[PDB]
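Data block for input.pdb (PDB, C-alpha atoms):
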```pdb
ATOM      1  CA  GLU B 319       1.840   9.427   6.036  1.00  0.00           C
ATOM      2  CA  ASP B 320       0.693  12.981   5.637  1.00  0.00           C
ATOM      3  CA  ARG B 321       2.209  15.937   7.531  1.00  0.00           C
ATOM      4  CA  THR B 322       4.008  13.765  10.097  1.00  0.00           C
ATOM      5  CA  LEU B 323       5.968  11.749   7.553  1.00  0.00           C
ATOM      6  CA  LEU B 324       9.185  13.797   7.276  1.00  0.00           C
ATOM      7  CA  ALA B 325       9.334  14.414  11.026  1.00  0.00           C
ATOM      8  CA  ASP B 326       8.682  10.657  11.357  1.00  0.00           C
ATOM      9  CA  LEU B 327      11.455   9.661   8.960  1.00  0.00           C
ATOM     10  CA  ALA B 328      13.956  12.029  10.599  1.00  0.00           C
ATOM     11  CA  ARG B 329      13.822   9.960  13.811  1.00  0.00           C
ATOM     12  CA  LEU B 330      14.821   6.731  12.027  1.00  0.00           C
ATOM     13  CA  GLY B 331      18.504   5.987  11.640  1.00  0.00           C
ATOM     14  CA  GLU B 332      17.792   4.174   8.350  1.00  0.00           C
ATOM     15  CA  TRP B 333      16.502   7.416   6.811  1.00  0.00           C
ATOM     16  CA  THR B 334      19.526   8.544   4.809  1.00  0.00           C
ATOM     17  CA  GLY B 335      18.109  11.941   3.766  1.00  0.00           C
ATOM     18  CA  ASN B 336      16.888  11.446   0.187  1.00  0.00           C
ATOM     19  CA  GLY B 337      13.488  10.131  -0.866  1.00  0.00           C
ATOM     20  CA  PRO B 338      14.489   7.966  -3.828  1.00  0.00           C
ATOM     21  CA  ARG B 339      17.799   6.612  -2.517  1.00  0.00           C
ATOM     22  CA  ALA B 340      16.114   5.744   0.774  1.00  0.00           C
ATOM     23  CA  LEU B 341      13.390   3.763  -1.035  1.00  0.00           C
ATOM     24  CA  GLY B 342      15.819   1.751  -3.167  1.00  0.00           C
ATOM     25  CA  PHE B 343      17.935   1.045  -0.097  1.00  0.00           C
ATOM     26  CA  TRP B 344      14.933  -0.200   1.875  1.00  0.00           C
ATOM     27  CA  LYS B 345      13.701  -2.227  -1.090  1.00  0.00           C
ATOM     28  CA  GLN B 346      17.120  -3.924  -1.142  1.00  0.00           C
ATOM     29  CA  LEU B 347      17.051  -4.604   2.619  1.00  0.00           C
ATOM     30  CA  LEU B 348      13.525  -6.006   2.338  1.00  0.00           C
ATOM     31  CA  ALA B 349      14.574  -8.208  -0.585  1.00  0.00           C
ATOM     32  CA  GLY B 350      16.871 -10.109   1.796  1.00  0.00           C
ATOM     33  CA  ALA B 351      14.642 -10.237   4.857  1.00  0.00           C
ATOM     34  CA  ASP B 352      11.292  -8.643   5.574  1.00  0.00           C
ATOM     35  CA  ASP B 353      10.830  -6.071   8.399  1.00  0.00           C
ATOM     36  CA  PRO B 354       7.237  -4.854   8.969  1.00  0.00           C
ATOM     37  CA  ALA B 355       8.078  -1.340  10.219  1.00  0.00           C
ATOM     38  CA  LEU B 356      10.611  -0.777   7.425  1.00  0.00           C
ATOM     39  CA  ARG B 357       8.046  -2.091   4.927  1.00  0.00           C
ATOM     40  CA  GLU B 358       5.598   0.529   6.204  1.00  0.00           C
ATOM     41  CA  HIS B 359       8.071   3.414   6.123  1.00  0.00           C
ATOM     42  CA  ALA B 360       8.774   2.173   2.587  1.00  0.00           C
ATOM     43  CA  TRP B 361       5.227   2.396   1.310  1.00  0.00           C
ATOM     44  CA  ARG B 362       4.325   5.550   3.232  1.00  0.00           C
ATOM     45  CA  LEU B 363       7.345   7.047   1.431  1.00  0.00           C
ATOM     46  CA  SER B 364       6.252   5.516  -1.881  1.00  0.00           C
ATOM     47  CA  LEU B 365       2.908   7.333  -1.591  1.00  0.00           C
ATOM     48  CA  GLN B 366       4.738  10.512  -0.587  1.00  0.00           C
ATOM     49  CA  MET B 367       6.789  10.281  -3.742  1.00  0.00           C
ATOM     50  CA  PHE B 368       3.803   9.552  -6.032  1.00  0.00           C
ATOM     51  CA  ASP B 369       5.474   6.190  -6.617  1.00  0.00           C
ATOM     52  CA  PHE B 370       2.328   4.130  -6.798  1.00  0.00           C
ATOM     53  CA  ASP B 371       4.219   1.370  -8.596  1.00  0.00           C
ATOM     54  CA  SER B 372       6.462   0.899  -5.550  1.00  0.00           C
ATOM     55  CA  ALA B 373       3.497   1.341  -3.223  1.00  0.00           C
ATOM     56  CA  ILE B 374       1.746  -1.593  -4.911  1.00  0.00           C
ATOM     57  CA  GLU B 375       4.938  -3.660  -4.896  1.00  0.00           C
ATOM     58  CA  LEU B 376       5.388  -3.136  -1.161  1.00  0.00           C
ATOM     59  CA  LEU B 377       1.703  -3.400  -0.171  1.00  0.00           C
ATOM     60  CA  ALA B 378       0.421  -6.401  -2.166  1.00  0.00           C
ATOM     61  CA  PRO B 379       2.634  -9.085  -0.509  1.00  0.00           C
ATOM     62  CA  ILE B 380       1.187  -8.143   2.894  1.00  0.00           C
ATOM     63  CA  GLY B 381      -2.283  -9.340   1.873  1.00  0.00           C
ATOM     64  CA  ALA B 382      -0.839 -12.537   0.522  1.00  0.00           C
ATOM     65  CA  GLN B 383       0.406 -13.390   4.050  1.00  0.00           C
ATOM     66  CA  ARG B 384      -1.963 -11.619   6.455  1.00  0.00           C
ATOM     67  CA  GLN B 385      -5.162  -9.603   6.639  1.00  0.00           C
ATOM     68  CA  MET B 386      -4.402  -5.950   5.919  1.00  0.00           C
ATOM     69  CA  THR B 387      -5.370  -2.972   8.028  1.00  0.00           C
ATOM     70  CA  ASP B 388      -7.896  -0.496   6.662  1.00  0.00           C
ATOM     71  CA  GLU B 389      -5.019   1.952   6.160  1.00  0.00           C
ATOM     72  CA  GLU B 390      -2.971  -0.713   4.400  1.00  0.00           C
ATOM     73  CA  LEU B 391      -5.942  -1.599   2.202  1.00  0.00           C
ATOM     74  CA  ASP B 392      -6.932   1.934   1.185  1.00  0.00           C
ATOM     75  CA  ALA B 393      -3.341   2.622   0.216  1.00  0.00           C
ATOM     76  CA  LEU B 394      -3.118  -0.283  -2.226  1.00  0.00           C
ATOM     77  CA  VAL B 395      -6.556   0.462  -3.694  1.00  0.00           C
ATOM     78  CA  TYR B 396      -5.810   4.190  -3.976  1.00  0.00           C
ATOM     79  CA  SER B 397      -2.497   3.381  -5.609  1.00  0.00           C
ATOM     80  CA  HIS B 398      -4.197   1.320  -8.305  1.00  0.00           C
ATOM     81  CA  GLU B 399      -6.844   3.993  -9.002  1.00  0.00           C
ATOM     82  CA  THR B 400      -4.358   6.850  -9.021  1.00  0.00           C
ATOM     83  CA  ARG B 401      -1.944   5.352 -11.564  1.00  0.00           C
ATOM     84  CA  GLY B 402      -4.297   4.106 -14.263  1.00  0.00           C
ATOM     85  CA  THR B 403      -4.710   0.384 -13.767  1.00  0.00           C
ATOM     86  CA  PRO B 404      -8.077   0.211 -11.852  1.00  0.00           C
ATOM     87  CA  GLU B 405      -8.921  -3.015 -13.714  1.00  0.00           C
ATOM     88  CA  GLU B 406      -6.150  -4.923 -11.975  1.00  0.00           C
ATOM     89  CA  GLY B 407      -7.092  -3.128  -8.775  1.00  0.00           C
ATOM     90  CA  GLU B 408     -10.602  -4.613  -8.969  1.00  0.00           C
ATOM     91  CA  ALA B 409      -8.946  -7.871 -10.034  1.00  0.00           C
ATOM     92  CA  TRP B 410      -6.782  -7.923  -6.894  1.00  0.00           C
ATOM     93  CA  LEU B 411      -9.665  -6.888  -4.637  1.00  0.00           C
ATOM     94  CA  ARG B 412     -11.727  -9.840  -5.853  1.00  0.00           C
ATOM     95  CA  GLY B 413      -9.941 -12.746  -4.276  1.00  0.00           C
ATOM     96  CA  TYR B 414      -8.496 -10.645  -1.534  1.00  0.00           C
ATOM     97  CA  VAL B 415     -12.083 -10.696  -0.228  1.00  0.00           C
ATOM     98  CA  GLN B 416     -11.994 -14.506  -0.510  1.00  0.00           C
ATOM     99  CA  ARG B 417      -9.124 -14.935   1.864  1.00  0.00           C
ATOM    100  CA  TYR B 418      -9.748 -12.611   4.828  1.00  0.00           C
ATOM    101  CA  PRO B 419     -13.442 -12.195   3.885  1.00  0.00           C
ATOM    102  CA  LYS B 420     -14.243 -10.379   7.130  1.00  0.00           C
ATOM    103  CA  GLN B 421     -12.743  -6.922   6.503  1.00  0.00           C
ATOM    104  CA  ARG B 422     -15.849  -4.865   5.679  1.00  0.00           C
ATOM    105  CA  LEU B 423     -13.852  -2.028   4.070  1.00  0.00           C
ATOM    106  CA  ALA B 424     -12.605  -4.388   1.348  1.00  0.00           C
ATOM    107  CA  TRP B 425     -16.162  -5.203   0.213  1.00  0.00           C
ATOM    108  CA  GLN B 426     -17.068  -1.521   0.356  1.00  0.00           C
ATOM    109  CA  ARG B 427     -14.242  -0.585  -2.007  1.00  0.00           C
ATOM    110  CA  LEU B 428     -15.093  -3.465  -4.359  1.00  0.00           C
ATOM    111  CA  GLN B 429     -18.761  -2.419  -4.281  1.00  0.00           C
ATOM    112  CA  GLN B 430     -17.738   1.180  -5.103  1.00  0.00           C
ATOM    113  CA  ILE B 431     -15.656  -0.069  -8.041  1.00  0.00           C
ATOM    114  CA  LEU B 432     -18.535  -2.034  -9.544  1.00  0.00           C
ATOM    115  CA  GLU B 433     -20.904   0.870  -8.964  1.00  0.00           C
ATOM    116  CA  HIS B 434     -19.051   2.083 -12.083  1.00  0.00           C
ATOM    117  CA  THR B 435     -21.756   0.802 -14.426  1.00  0.00           C
ATOM    118  CA  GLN B 436     -21.457   2.437 -17.885  1.00  0.00           C
TER     119      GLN B 436
END
```
Please rewrite the model in this file as structure tokens.
Amino acid sequence: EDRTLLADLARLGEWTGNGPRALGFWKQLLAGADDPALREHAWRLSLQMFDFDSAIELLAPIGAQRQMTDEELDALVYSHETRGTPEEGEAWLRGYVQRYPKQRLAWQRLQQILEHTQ
């Protein structure tokens, strides 16, 4: 999230007060059993911390099991762009648009990517 995010985290009991330690904790909890809300707090926080690696790790599995929201999709595409790596971003986007081919925003991001000719 943007300006809400700290106020948002402070309401959760599972927010232990420290960006990094919270993320590793939640990653460990999610490794045992998934929790959608905790997964979201996790990747929101990943973006907050400029941890695009963790953002991609937490976001990509969603679109292997379900059609992502526009917010969920922009996050994973932005994360790939922002960290280097836009090749494997375009790679992932192709094929995401083959399952769930009805999310228009996915095709728009893929079209933008390929509008990088030369």
Please write as number ranges by chain the full residue list that the PyMOL selection byres ((chain B and resi 423) around 10) yields on this file.
-> B: 387-389, 391-392, 415, 420-422, 424-429
What are the centre and edge lengths in Å, to one decimal, of the axis-aligned box around all listed atoms of stretch 333-336 of chain B with 3 Å added on each side, as lines of an AutoDock Vina configuration file?
```
center_x = 18.0
center_y = 9.7
center_z = 3.5
size_x = 9.0
size_y = 10.5
size_z = 12.6
```
Which one of B:381, B:354, B:342, B:331 sits closest to residue B:411 if you count all atoms listed in the file?
->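 Among B:381, B:354, B:342, B:331, it is B:381 that comes nearest to residue B:411.
Atom pair atom CA of residue B:431 / atom CA of residue B:398: separated by 11.5 Å.
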Just the residues within 10 Å of residue B:380, please, counting only C-alpha atoms, with nothing from its chain fewer than 4 positions along; format it as an MDAnalysis selection string.
-> chainID B and resid 354 357 375:376 384:387 390:391
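If you count all atoms listed in the file and ignore residues fewer than 5 places along the chain from residue B:410, what sits within 9 Å of it is residues 378, 395, 405 and 415 of chain B.
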Can you work out which one of B:419, B:372, B:362, B:333 has the shortest atom-to-atom distance to residue B:345, counting only C-alpha atoms?
->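 Smallest distance to residue B:345 is found for B:372.
By only C-alpha atoms, and with residues fewer than 2 positions from residue B:324 along its chain excluded, the set lying at most 10 Å from it is residues 319, 320, 321, 322, 326, 327, 328, 329, 333, 335, 337, 363 and 366 of chain B.
Closest to residue B:396 among B:348, B:373, B:409, B:325 is B:373, based on all atoms listed in the file.
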Could you jot down the atom CA of residue B:397 to atom CA of residue B:374 separation for me, Å, one decimal place?
-> 6.6 Å
Kindly give the distance, in Å, that separates atom CA of residue B:399 and atom CA of residue B:370, rounded to a single decimal.
->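 Distance reported for this atom pair: 9.4 Å.
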Of the listed residues B:394, B:403, B:336, B:344, that which approaches residue B:379 most closely, counting only C-alpha atoms | B:394
